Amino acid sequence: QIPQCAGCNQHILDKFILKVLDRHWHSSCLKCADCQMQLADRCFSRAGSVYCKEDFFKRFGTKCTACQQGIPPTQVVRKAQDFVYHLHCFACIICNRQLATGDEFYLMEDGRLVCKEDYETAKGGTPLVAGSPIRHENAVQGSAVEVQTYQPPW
């Protein structure tokens, strides 16, 4: 079937169709709102627009999953799946212990963190091992830009 472009909402007739999550794009519509460069690599989406990494970061900050405060661009962060935290907010909600690199924990669906010991006692969460602190740059990844073609049978 012929998808409509998430950008311009027209049917995409190009042989190569771009896919960002489960939305389809014209390659000529998947351009940074700011600098107009084609997004070959990663797409950074916010509200009604899409950006390159540089122009996304120049413009937007990241909220901590836990405290909902801004994380300064000049500070490292912790990550569990897609969630981003201040180091001091990367802590068990039950015992309040700050998790260190390598610590075993469980991530609840909404981003709440539970140390292994407290989770298993209380017991669902996803089991994880705490990653090293990451630079604010490499924290938000954006979405991969995938490629598909029209192929028979149609």
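Note that residue numbering begins at 1 and tracks the sequence as displayed.
A.B. asks: According to the PDB entry, how many deposited residues between residue 46 and residue 47 are absent from the model (none, 1 to 3, 4 to 9, 10 or more)?
C.D. replies: Nothing is missing between them.
A.B. asks: Quick one: say whether 4-12 or 145-153 has the higher mean Cα B-factor in the deposited entry.
C.D. replies: The stretch with the larger mean CA B-factor is 145-153.
A.B. asks: Taking the mean of the C-alpha B-factors per stretch from the entry, tell me the winner out of 136-144 and 16-24.
C.D. replies: Result: 136-144.
A.B. asks: Which of these, 124, 127, 102, 111, has its C-alpha atom at the highest B-factor, as the entry lists it?
C.D. replies: If I rank 124, 127, 102, 111 by C-alpha B-factor, first place goes to 124.
A.B. asks: Sorting 86, 31, 58, 116 by Cα temperature factor from the record, which one lands on top?
C.D. replies: Top of the list by C-alpha B-factor: 58.
A.B. asks: Residue 92: which third of its chain by C-alpha temperature factor?
C.D. replies: It falls in the bottom third of the chain.
A.B. asks: Within this chain's modelled residues, let me know which third the CA B factor of residue 107 belongs to: lowest, middle or highest.
C.D. replies: It falls in the bottom third of the chain.
A.B. asks: Should residue 52 be placed in the lowest, middle or highest third of its chain by the C-alpha B factor in the entry?
C.D. replies: CA B-factor rank for residue 52: middle third.
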